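Okay, structure first, notes after.
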Amino acid sequence: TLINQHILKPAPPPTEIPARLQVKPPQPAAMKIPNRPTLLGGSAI
Amino acid sequence: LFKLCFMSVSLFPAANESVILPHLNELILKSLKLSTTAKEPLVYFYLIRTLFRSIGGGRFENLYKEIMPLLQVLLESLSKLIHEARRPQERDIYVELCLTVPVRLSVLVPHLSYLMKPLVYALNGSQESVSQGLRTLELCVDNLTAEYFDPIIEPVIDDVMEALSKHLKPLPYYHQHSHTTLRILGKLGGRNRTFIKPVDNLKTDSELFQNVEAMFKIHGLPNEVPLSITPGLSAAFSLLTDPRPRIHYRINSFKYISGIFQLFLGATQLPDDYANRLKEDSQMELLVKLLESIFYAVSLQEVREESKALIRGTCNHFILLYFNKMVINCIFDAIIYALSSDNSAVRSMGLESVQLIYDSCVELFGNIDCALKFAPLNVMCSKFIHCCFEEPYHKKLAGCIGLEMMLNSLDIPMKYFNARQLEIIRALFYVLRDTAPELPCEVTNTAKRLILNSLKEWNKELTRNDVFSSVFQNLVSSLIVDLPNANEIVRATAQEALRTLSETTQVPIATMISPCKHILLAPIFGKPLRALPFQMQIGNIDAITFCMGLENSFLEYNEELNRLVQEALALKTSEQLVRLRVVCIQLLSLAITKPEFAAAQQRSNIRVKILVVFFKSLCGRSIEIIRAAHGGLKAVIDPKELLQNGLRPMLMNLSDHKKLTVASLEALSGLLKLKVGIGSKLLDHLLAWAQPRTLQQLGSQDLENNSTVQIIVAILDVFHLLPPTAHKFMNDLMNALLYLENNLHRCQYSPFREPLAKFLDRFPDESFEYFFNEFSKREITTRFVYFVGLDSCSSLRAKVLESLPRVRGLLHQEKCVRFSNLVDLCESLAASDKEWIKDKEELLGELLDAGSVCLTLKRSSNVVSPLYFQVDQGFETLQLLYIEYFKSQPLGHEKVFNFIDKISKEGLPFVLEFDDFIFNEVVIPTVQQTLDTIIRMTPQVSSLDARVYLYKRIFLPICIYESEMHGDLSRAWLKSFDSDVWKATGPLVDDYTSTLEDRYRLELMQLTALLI
Amino acid sequence: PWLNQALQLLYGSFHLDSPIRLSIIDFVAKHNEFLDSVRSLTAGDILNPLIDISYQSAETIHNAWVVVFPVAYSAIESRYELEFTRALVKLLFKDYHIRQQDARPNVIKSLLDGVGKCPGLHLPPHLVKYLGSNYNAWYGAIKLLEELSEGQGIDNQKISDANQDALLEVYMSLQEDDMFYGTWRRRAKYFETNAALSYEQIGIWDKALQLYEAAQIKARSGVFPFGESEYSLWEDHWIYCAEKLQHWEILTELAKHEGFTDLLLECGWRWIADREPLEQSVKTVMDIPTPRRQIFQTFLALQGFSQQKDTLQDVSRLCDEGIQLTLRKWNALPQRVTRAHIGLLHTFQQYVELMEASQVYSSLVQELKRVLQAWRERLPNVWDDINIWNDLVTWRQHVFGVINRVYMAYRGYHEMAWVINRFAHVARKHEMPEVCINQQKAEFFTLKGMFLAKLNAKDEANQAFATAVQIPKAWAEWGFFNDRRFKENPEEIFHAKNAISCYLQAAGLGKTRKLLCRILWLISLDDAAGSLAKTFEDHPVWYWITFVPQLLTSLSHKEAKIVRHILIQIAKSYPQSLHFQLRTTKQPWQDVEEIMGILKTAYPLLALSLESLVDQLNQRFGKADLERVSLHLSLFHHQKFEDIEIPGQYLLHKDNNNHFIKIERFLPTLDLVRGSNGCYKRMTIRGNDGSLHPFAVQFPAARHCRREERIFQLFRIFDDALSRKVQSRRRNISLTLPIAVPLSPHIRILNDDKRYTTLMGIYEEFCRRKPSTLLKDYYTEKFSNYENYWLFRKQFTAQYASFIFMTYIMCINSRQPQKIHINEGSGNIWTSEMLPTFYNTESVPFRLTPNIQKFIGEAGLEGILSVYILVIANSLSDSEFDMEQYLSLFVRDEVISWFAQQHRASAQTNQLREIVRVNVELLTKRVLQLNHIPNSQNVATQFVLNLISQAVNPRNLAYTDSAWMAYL
């Protein structure tokens, strides 16, 4: 058995839209291998 | 009311728990058993839902380990076969019972497996029972082990992670479900991505995806370009069948759907000279989905005048194709959903379309015989036959509803329905076989009556014993090899049909199955027992206990298993185990009771064993295993050392121990059906329970739910079947009743008022000779007038009606003058039959005279309150039955005789019973008669002038109702009215003195002011 | 979605005209009025309700835009497409802030998927990569970035190279590496990077990094120009392999100089004392947040709560607002869960153990043990990745660290020693025994016993194995030395009698098939003495039942007394495993009646219910009904005794016999389908779980049917060993051959269903509708919605290499197109009638005809089909003697059939040990030779490229047979 936590309350944190772009075709393309951990949400044009 | 009752045990973890606790085992099982045989079965599932919701985190729920494997396999077997009746997601009620069973997950939840396929119905299509579905999934990940839980979910692991991934969405979606799902997909760590495999369900251009190309005409492109006219067909099907969107989208979805459908229909090339011709792959699953939404559009208002207009068009269209293909079928697959649908409008349009495929087919060719050689009428036979062999429950309902109209519209050539005789009945036995017992019985009720009525219909023609060669006997050899098996509805109707098959074409039933009776026996003898588990072991007996109910069959060698039986008797699964031994009684009870076979066996010690085992079963641990065993002994009555051996275990259970259960009591009552010292013994048995310290502790508990009362009443049941001597147990038994009510403080009712009465049915003379002696006493005679008023004392009422006037003599011969007891006695048997009251009149005034005597002593202020409620409620009971006499005769001059006889009491007679009875004599040349009688009886001035005034409610409401519902006094008495009151003399009303007489004189003034 | 109002503007131009079409005397006149004069549908009442439908559902507007916009673009004439493209490109740059739909089938997804349906416009490739990644419709972008690359050439090198870079970071984003590494080496120009890319998708990262530092020194005043891209591969996949190899001190000093998240990542996890330099360096990069950077922000807020620097509540808020960012990256990915999601499924386990360690050392300043064991089991797979295995050890070490620091009857943790040893074992399970080395008495004797067994130390290893047995695997290893001794000594060695009794001592003590294949061959090694039969009675019941068709032949031969002893064991215990196989053989044939009699006394009901199923299949045998010809089977499941398992489950593994699907009922459809052999009668059995199982009885069975069961049996031995490894289970390369249980000497059933249309059935489908590019034409009109088409092609070419290996190895003869079954909903490819003979008869090495080679894609031919054929061989060579150990007893039933083939007699009984030892020596030198050459100068494969270059050669293709259909 295990005793579990609970969700608190509707708390709203919105994200924001950053500005840069990238081209680089290698797998790391940043600091490490996976990409959806290291890609900025939704970027501005 | 169930909501009010079940929330009370959630309010009290207290003495309000054990009163509901034993009933809910019955209330669940009798709600499953009633839902298969109800008109609206869904309220029996709303009931258990408010039972499961109203408890939670409860006390033990220890009585759910036994009903759980039958409640799951009821719910999982009709979460498949249910598709939204009105449109309510009624599959989403079955899952909420399945997922919220109120038990512990540890030992009870194992075997839940049943819960994996309704797990994905709760996660995928739901809205807030998703949270119920995620809650049970979180419980079974962290508690269980990966070596146990992973092989459970393997069939639906690839389907739960598609519905779990639709919930991971940001803050516009819930923070409740999207954060719970992330915890479930993290708390199992590497077992997330162990299912990630190459996909298999690649949608390869399905039927509504089919790019059908209509040729358009646009202004830029100067040609006839084709476009797909199905980009909204996926949204057309889902809009037409939902009640939630507005009606304007639902009407436009039909014009889209019928718009595509008319482009398939009219594109077919018609014949050039069809009258001269008369003298001579992926589309076909799209059209069935298209034509079905046309059929559903009949159930919509304000468009069914248009959707019917082409349903009659296309059914006319699809028969001239086959009548032109005679030189060379999407309507039938569309009809069978209309027949098996839910609304009565779409179902009737299925019934109208099956007529129009025939009523136009007789219009086209005329000759019905050649309209069965190659016509489409012949192929809708084998469509209705084949879809009884289908998997789903609803397609079985189409072939059973479609066939019963196809035998009541094709009635004329019944010679066609004799070559297809065996193929229909074999198709109609099969629908009885693979139908679950928990589905509603509308598919089996129309299948049971259709085998029965048809064999009375097309088998009223067979001649004699000579024509029984191959064709009819193969029909008999089909429904006798289906005699021994389980699922008794195919076993009971194999005997109901074979009886009515041999009722018409009058042939003995033993001679009918005679040339194939040895083929049936050979499997049933081969493997004797200890194989063929307990569902089959009721079926092996049932073919033999029917076969010995014939005139003669198999007079030798059933004794190979007759030992086998006695020993299965001599030793849910517990349900079928007591169902097993209850049928071995009937095989053994028909072994001895039938003549000409008991003398055949009697050389090698057979009957003795049967009798002895029939005993030892008499002390069994159940109830219904004793009842059929009681029927076996009561049938062999038409030995003594075995009777003394049987009485030895009987008297051992009948020992003075005060621990006799109710199973031995009814077995004792069954024994006396087939000395008198037990009456001395059983009175002292109950008195151990009947000490007042066992009843004052009871005090105010309900008596029907109690368990110590059921031992008391089952003791009292035995006195119905005593030895027939002139019993002296009349006085002390009734003194045991009156003592038992006063220590319960419970008057006018008790559950042990009923078995006291069946004893009094046995002795009518000794009862009334006890009651008539102690008649002036109140507290024992109140129990008498309930016993007379009971319907079970039909022999006691005949005693008190014949010996009626001997209790009338008591009222002629001082505080014990019980007028009050006689009134409730005569009221109790006047409610028996309305025919007793019509002749008694000297009784009824003799009651009211001695009642008026009692209202002289009771009107006396010498003592404080002598108004005893036995006397005054004697009059309010006397008067409502004195009116029960009046509406049996039509005379309007007897009601004015009740008035002067009550002058010493209550003034105007009693309300709510007589003021609406004068109002039914007031509301015809008999209305003139009542006004003659009033002016007759009123100059009796000695009738106490508050009665003389009292005709103000009976004279003037006649005339002011006559002068309101008729014109003005349009309808004898006037010649007699003016005779006396307007020739009146001095002593009466024509004097002048201010007394209470002037209240009468206003009845005379206010009447003359209405005559003018 | 403003495409709804753009439709009605486009719908107004429709000439709503009256003809719309696709392209007894009184009754006929009544309808003829109806079906043509009342049919007469104008175009209005189709499109006018389509407006009223599309205002409700957002998918109709996407479904109607893609069918009317290519009709709209086809009337934009010449000299205005360049005006149209620049006016369309300007629209896609018009940000409406974020053009904030970011919802279901929105405007950008429906606009980009409407462009690809009309040829002639060619939107810029780094805008397609941006619009497809940022909003959605990844597969709407690969439809455009492959249309520009393949087919015609765009006649500009700078538009062709900017397309390829835009493609290679779509494949990297969706984490398919096999299309990433196959598009690169199709493109790259050096030789030193075509070698290092292919040594890196295999997975040996020591010869991968050497060929990158030897790639850059080919540059740096080298004459070669090397490109701008292919230089972002050198300097980034030097640092990819140097962090796969776990060299974390060398790339510390490297990231000291540039200075970015790589410094935060390696120096961070590989925090209480150096918190102040780490905390401010996070906040320089914590803006523009990602799902990775919040884990650094949360963890230092957690180890500040451990020292009491940071309050609890803040870690709950930091885990709450960080999960909602992880949610937004999950929602940006496609619907079907692939390997692109596995990076987020490990983020999930970080967040659960970050709200769990926030209560383990909240109540720290017997619950700890529960948490510890849950943690000791919540680990990823052994095949997952060596990085994301290492990113779990790091976290766990940090955590247990704090507990130890604060706990200052045994209080000792010794749990950091567990997560290191568990990681050191999986580090050798992957590859490369160098990452593992840098971190209970019989096992030391077994190591010294195996060390003496490598050299020629017979008595030393025998004394060590006796020392190990006096203190498991050594109980079979000593006989394995005796098995090595018996092959080394002459034919009269008696140590095999001391060996077959040795492996059975611990045979009851999983991988029992590797010793049962060795047992069941040396008993048939001419045992005229038979002394091992008494050794078999000196002292494992499930694991023989896969070897049943070998066992039922040995009853007629010698050792019949002991092989009877192991079939009386099975039928008493598992009745369903053997009843169908012993009925196919019907004391040359007389001893099995005692086996049949044992099968009927024990379980009297099961043998009775099973034969009632066989004879009903035996008597009778577009859609038909089971009701007319097989009405006994509709009445079967009412009188069906207890349980009957669905057949063909004991052929496979699943060795515990618990969750086998039993027969529920027979579906009443006999879906006979005109097959290639003729027609058969496909039935359908419904299972316990609702899963329908379509079988297919075939009426005859030619004399190879007792040989092809032995061929499929051999790859029931390889396929589970194919799934156990790391580079083969990462790609899920199931050999997918079907079950075929026999029921009689003439009738056998086998599992096949709809959508198994063979390759020749595709060919007559095309001529019925009446070159190369016929699979490319059939599978695009069938698979619209390109997400389905790209996945089906990728699963086709990945399964074609499993067809090549079983055809090359143990050489199969001429595969006609009607002998190769392809699935149409999954892509699984299997062959019928595998008959090997095992020499080169007259062959091109395998079938790769250019109607397949166009459908492969010429960039999965380099990245999938050339490396899956290698990675199958790279495991089967080196699992546990799959090319040597099992292959003995599967050729000694081939060479006894070959002597019965070429003539009637059979000879060479004493030489039969040498005919087996020769034809196993070819099959161990046919797998092993096409593995990778251990020097670093070859590309990586170079022999499976040697064979592919032969099989596509048009000389070697047309020189062979002409009924082989070498054009399709």
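All residue names refer to the structure tokens as shown: chains lettered A, B, ... in order, residues numbered from 1 in each chain, ligands numbered from 1 in order.
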
Residues near residue 39 in chain A, anyone? I mean within 8 Å using only C-alpha atoms, not counting same-chain ones fewer than 2 positions away, as a list in words.
residues 35, 36, 37 and 41 of chain A; 290 and 291 of chain C

Test item: chain A residues at most 12 Å from chain B, counting only C-alpha atoms, as an NGL selection string:
:A and (1-15)

To one decimal place in Å, what is the distance between CA of residue 580 in chain B and CA of residue 617 in chain B?
13.1 Å

Considering only C-alpha atoms, give me a table of residues in chain B that are at most 6 Å from chain C, with the closest atom pair and distance in Å for each, as CSV.
residue,atom,partner,partner_atom,distance
B:169,CA,C:327,CA,6.0
B:170,CA,C:327,CA,5.8
B:186,CA,C:349,CA,4.7
B:189,CA,C:378,CA,4.6
B:190,CA,C:380,CA,3.8
B:200,CA,C:826,CA,4.4
B:202,CA,C:825,CA,5.1
B:204,CA,C:783,CA,5.8
B:213,CA,C:22,CA,5.6
B:214,CA,C:22,CA,4.1
B:215,CA,C:22,CA,5.6
B:217,CA,C:15,CA,5.7
B:218,CA,C:14,CA,4.7
B:221,CA,C:75,CA,5.8
B:231,CA,C:63,CA,5.0
B:232,CA,C:60,CA,5.1
B:252,CA,C:49,CA,5.0
B:256,CA,C:49,CA,5.7
B:259,CA,C:46,CA,5.9
B:266,CA,C:35,CA,5.5
B:364,CA,C:24,CA,5.8

May I ask you to extract the residues of chain A within 8 Å of chain C, using only C-alpha atoms, and to give them as a VMD selection string?
chain A and resid 13 15 17 to 18 23 to 29 31 to 45

I need the chosen residues saved as a short mmCIF file (atom, residue, chain, number, x, y, z; two decimals), in the first residue's frame, with N, CA and C atoms.
data_model
loop_
_atom_site.label_atom_id
_atom_site.label_comp_id
_atom_site.auth_asym_id
_atom_site.auth_seq_id
_atom_site.Cartn_x
_atom_site.Cartn_y
_atom_site.Cartn_z
N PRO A 13 -1.35 29.33 -14.45
CA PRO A 13 -0.08 29.91 -14.88
C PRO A 13 -0.09 29.85 -16.42
N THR A 15 1.78 30.51 -20.26
CA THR A 15 3.13 30.64 -20.78
C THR A 15 3.25 31.89 -21.66
N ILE A 17 5.67 33.66 -25.26
CA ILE A 17 6.12 33.32 -26.60
C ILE A 17 7.50 33.92 -26.82
N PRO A 18 8.57 33.13 -26.81
CA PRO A 18 9.92 33.69 -26.96
C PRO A 18 10.31 33.93 -28.40
N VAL A 23 18.58 26.36 -36.84
CA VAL A 23 18.66 25.72 -38.15
C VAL A 23 19.31 24.35 -38.00
N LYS A 24 20.04 24.15 -36.90
CA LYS A 24 21.17 23.21 -36.88
C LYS A 24 20.71 21.75 -36.90
N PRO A 25 21.14 20.95 -37.93
CA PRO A 25 20.56 19.63 -38.37
C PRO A 25 21.04 18.39 -37.58
N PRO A 26 22.03 18.50 -36.67
CA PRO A 26 22.47 17.37 -35.85
C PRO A 26 21.42 16.97 -34.81
N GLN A 27 21.52 15.74 -34.29
CA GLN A 27 20.53 15.22 -33.31
C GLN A 27 20.52 16.06 -32.03
N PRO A 28 21.67 16.44 -31.43
CA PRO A 28 21.60 17.18 -30.17
C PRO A 28 20.90 18.52 -30.39
N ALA A 29 21.33 19.31 -31.37
CA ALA A 29 20.63 20.58 -31.71
C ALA A 29 20.35 21.41 -30.45
N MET A 31 21.68 21.17 -26.00
CA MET A 31 22.65 20.69 -25.02
C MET A 31 22.63 19.17 -24.86
N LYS A 32 21.59 18.49 -25.33
CA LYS A 32 21.45 17.06 -25.10
C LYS A 32 20.61 16.43 -26.20
N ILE A 33 20.32 15.14 -26.04
CA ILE A 33 19.65 14.39 -27.11
C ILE A 33 18.16 14.67 -27.27
N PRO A 34 17.27 14.51 -26.27
CA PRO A 34 15.85 14.62 -26.60
C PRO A 34 15.46 16.08 -26.77
N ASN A 35 14.36 16.31 -27.47
CA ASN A 35 14.08 17.61 -28.05
C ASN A 35 12.88 18.29 -27.43
N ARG A 36 11.79 17.55 -27.32
CA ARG A 36 10.64 17.98 -26.53
C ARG A 36 10.95 18.27 -25.06
N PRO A 37 12.04 17.78 -24.44
CA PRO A 37 12.47 18.44 -23.20
C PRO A 37 13.21 19.75 -23.41
N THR A 38 13.76 20.02 -24.59
CA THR A 38 14.67 21.16 -24.76
C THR A 38 14.20 22.09 -25.88
N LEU A 39 12.90 22.19 -26.09
CA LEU A 39 12.35 23.09 -27.11
C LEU A 39 11.36 24.03 -26.44
N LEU A 40 11.39 25.29 -26.88
CA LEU A 40 10.82 26.43 -26.12
C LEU A 40 9.33 26.57 -26.44
N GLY A 41 8.50 25.67 -25.91
CA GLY A 41 7.06 25.91 -25.83
C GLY A 41 6.43 26.17 -27.18
N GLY A 42 6.13 27.44 -27.43
CA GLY A 42 5.80 27.93 -28.75
C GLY A 42 6.53 29.23 -29.04
N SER A 43 7.30 29.26 -30.12
CA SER A 43 8.20 30.37 -30.39
C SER A 43 7.53 31.43 -31.27
N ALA A 44 8.03 32.66 -31.18
CA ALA A 44 7.54 33.72 -32.04
C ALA A 44 8.32 33.76 -33.35
N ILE A 45 7.70 34.38 -34.35
CA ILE A 45 8.22 34.30 -35.71
C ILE A 45 9.33 35.33 -35.87
#

Test item, strand (DSSP E or B) assignment across range 649-871 of chain C, answer as a short mmCIF file (atom, residue, chain, number, x, y, z; two decimals) with N, CA and C atoms, in the first residue's frame:
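This is the output file result-v7.cif:
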data_model
loop_
_atom_site.label_atom_id
_atom_site.label_comp_id
_atom_site.auth_asym_id
_atom_site.auth_seq_id
_atom_site.Cartn_x
_atom_site.Cartn_y
_atom_site.Cartn_z
N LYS C 662 -9.30 -19.25 -24.53
CA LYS C 662 -10.14 -20.41 -24.77
C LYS C 662 -11.26 -20.07 -25.74
N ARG C 665 -17.13 -19.09 -28.85
CA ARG C 665 -18.14 -19.52 -29.81
C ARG C 665 -17.60 -19.36 -31.21
N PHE C 666 -18.24 -20.05 -32.15
CA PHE C 666 -17.89 -19.97 -33.56
C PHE C 666 -18.79 -18.94 -34.25
N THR C 669 -19.96 -17.28 -40.06
CA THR C 669 -19.55 -16.90 -41.41
C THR C 669 -18.41 -17.78 -41.89
N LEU C 670 -18.60 -18.42 -43.04
CA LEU C 670 -17.53 -19.14 -43.73
C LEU C 670 -17.05 -18.27 -44.88
N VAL C 673 -12.40 -17.46 -49.53
CA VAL C 673 -11.79 -16.38 -50.35
C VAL C 673 -10.92 -17.03 -51.42
N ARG C 674 -11.24 -16.78 -52.70
CA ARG C 674 -10.45 -17.34 -53.79
C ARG C 674 -8.99 -16.96 -53.57
N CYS C 679 -9.40 -22.05 -53.43
CA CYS C 679 -10.22 -21.46 -52.39
C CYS C 679 -10.14 -22.33 -51.15
N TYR C 680 -10.24 -21.68 -49.99
CA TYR C 680 -10.32 -22.38 -48.71
C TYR C 680 -11.50 -21.82 -47.94
N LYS C 681 -11.70 -22.34 -46.73
CA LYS C 681 -12.88 -22.03 -45.94
C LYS C 681 -12.44 -21.40 -44.62
N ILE C 685 -13.35 -17.91 -34.92
CA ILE C 685 -13.61 -18.27 -33.53
C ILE C 685 -13.57 -17.00 -32.70
N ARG C 686 -14.58 -16.81 -31.87
CA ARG C 686 -14.62 -15.69 -30.95
C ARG C 686 -13.95 -16.12 -29.65
N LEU C 692 -11.79 -11.77 -32.00
CA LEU C 692 -12.10 -12.81 -32.98
C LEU C 692 -10.82 -13.30 -33.63
N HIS C 693 -10.74 -14.62 -33.84
CA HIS C 693 -9.53 -15.27 -34.32
C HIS C 693 -9.84 -16.00 -35.61
N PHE C 695 -9.26 -18.35 -38.49
CA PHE C 695 -8.37 -19.41 -38.92
C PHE C 695 -8.67 -19.75 -40.37
N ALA C 696 -7.93 -20.72 -40.90
CA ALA C 696 -8.13 -21.12 -42.29
C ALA C 696 -7.69 -22.57 -42.45
N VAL C 697 -8.65 -23.48 -42.49
CA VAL C 697 -8.35 -24.86 -42.80
C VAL C 697 -8.02 -24.99 -44.29
N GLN C 698 -6.99 -25.75 -44.61
CA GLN C 698 -6.67 -26.08 -45.99
C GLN C 698 -6.84 -27.58 -46.20
N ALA C 740 0.78 -22.71 -37.29
CA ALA C 740 0.12 -23.69 -38.15
C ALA C 740 0.10 -25.01 -37.39
N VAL C 741 -1.00 -25.27 -36.69
CA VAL C 741 -1.13 -26.51 -35.92
C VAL C 741 -1.73 -27.57 -36.83
N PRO C 742 -1.19 -28.78 -36.84
CA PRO C 742 -1.84 -29.87 -37.59
C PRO C 742 -2.84 -30.62 -36.73
N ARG C 748 -4.50 -29.43 -41.73
CA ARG C 748 -3.86 -28.54 -40.77
C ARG C 748 -4.48 -27.16 -40.90
N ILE C 749 -4.63 -26.48 -39.77
CA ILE C 749 -5.19 -25.13 -39.77
C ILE C 749 -4.07 -24.15 -39.47
N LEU C 750 -4.28 -22.90 -39.89
CA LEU C 750 -3.29 -21.86 -39.68
C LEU C 750 -3.98 -20.51 -39.68
N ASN C 751 -3.35 -19.55 -39.02
CA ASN C 751 -3.98 -18.28 -38.66
C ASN C 751 -3.72 -17.25 -39.75
N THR C 758 -1.57 -10.85 -50.91
CA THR C 758 -0.21 -11.10 -51.32
C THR C 758 0.20 -10.15 -52.44
N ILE C 812 16.55 -20.18 -49.02
CA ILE C 812 15.29 -20.52 -49.65
C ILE C 812 15.41 -20.28 -51.15
N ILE C 820 4.73 -14.58 -50.99
CA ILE C 820 5.14 -13.60 -49.99
C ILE C 820 3.92 -12.76 -49.60
N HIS C 821 3.47 -12.93 -48.36
CA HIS C 821 2.24 -12.32 -47.88
C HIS C 821 2.57 -10.99 -47.21
N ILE C 822 1.90 -9.92 -47.63
CA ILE C 822 2.06 -8.62 -46.99
C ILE C 822 0.73 -8.22 -46.36
N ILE C 829 5.28 -8.94 -43.03
CA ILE C 829 5.55 -9.75 -44.22
C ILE C 829 6.05 -11.11 -43.77
N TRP C 830 5.41 -12.17 -44.26
CA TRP C 830 5.86 -13.53 -44.00
C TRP C 830 5.70 -14.35 -45.27
N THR C 831 6.44 -15.45 -45.34
CA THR C 831 6.45 -16.30 -46.52
C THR C 831 5.85 -17.66 -46.20
N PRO C 836 14.33 -25.19 -47.50
CA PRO C 836 15.74 -24.88 -47.76
C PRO C 836 16.56 -26.03 -48.31
#

Within 12 Å of range 491-496 of chain C, counting only C-alpha atoms, which residues show up once you throw out same-chain ones fewer than 3 positions away? Write them as a ChimeraX atom specification, please.
/C:462,476,478-488,499-503,518-519,521-523,525-533,535-536,910-911,913-914

Same residues, C-alpha atoms, saved as an mmCIF file, in the first residue's frame:
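Saved file part.cif follows:
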data_model
loop_
_atom_site.group_PDB
_atom_site.id
_atom_site.type_symbol
_atom_site.label_atom_id
_atom_site.label_comp_id
_atom_site.auth_asym_id
_atom_site.auth_seq_id
_atom_site.Cartn_x
_atom_site.Cartn_y
_atom_site.Cartn_z
ATOM 1 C CA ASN C 462 37.096 -30.073 -13.509
ATOM 2 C CA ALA C 476 25.801 -27.587 -16.528
ATOM 3 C CA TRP C 478 31.145 -28.926 -16.209
ATOM 4 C CA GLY C 479 29.169 -31.109 -18.589
ATOM 5 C CA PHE C 480 29.566 -28.360 -21.177
ATOM 6 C CA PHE C 481 33.295 -28.889 -20.731
ATOM 7 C CA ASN C 482 32.550 -32.598 -21.145
ATOM 8 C CA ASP C 483 30.478 -31.700 -24.205
ATOM 9 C CA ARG C 484 33.553 -29.787 -25.340
ATOM 10 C CA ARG C 485 35.589 -32.864 -24.394
ATOM 11 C CA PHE C 486 33.341 -35.290 -26.295
ATOM 12 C CA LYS C 487 33.620 -33.251 -29.495
ATOM 13 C CA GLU C 488 37.397 -33.116 -28.943
ATOM 14 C CA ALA C 499 27.244 -34.679 -18.859
ATOM 15 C CA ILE C 500 23.615 -35.406 -19.789
ATOM 16 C CA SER C 501 23.008 -36.431 -16.180
ATOM 17 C CA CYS C 502 24.749 -33.238 -15.041
ATOM 18 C CA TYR C 503 22.587 -30.691 -16.885
ATOM 19 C CA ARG C 518 21.660 -30.142 -26.396
ATOM 20 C CA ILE C 519 20.079 -33.079 -24.546
ATOM 21 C CA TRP C 521 20.736 -34.705 -29.899
ATOM 22 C CA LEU C 522 23.520 -36.575 -28.078
ATOM 23 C CA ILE C 523 21.031 -39.289 -27.099
ATOM 24 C CA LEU C 525 24.531 -40.084 -31.178
ATOM 25 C CA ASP C 526 24.601 -43.841 -31.986
ATOM 26 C CA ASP C 527 24.083 -45.035 -28.407
ATOM 27 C CA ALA C 528 24.577 -48.772 -28.914
ATOM 28 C CA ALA C 529 25.464 -49.101 -25.228
ATOM 29 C CA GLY C 530 22.600 -46.968 -23.914
ATOM 30 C CA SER C 531 24.221 -46.502 -20.509
ATOM 31 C CA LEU C 532 22.905 -42.926 -20.245
ATOM 32 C CA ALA C 533 19.345 -44.279 -19.952
ATOM 33 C CA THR C 535 21.926 -42.117 -15.953
ATOM 34 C CA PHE C 536 18.630 -40.528 -17.006
ATOM 35 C CA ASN C 910 28.731 -43.289 -38.736
ATOM 36 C CA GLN C 911 29.454 -40.372 -41.091
ATOM 37 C CA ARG C 913 28.034 -36.781 -37.354
ATOM 38 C CA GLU C 914 30.127 -35.253 -40.142
#
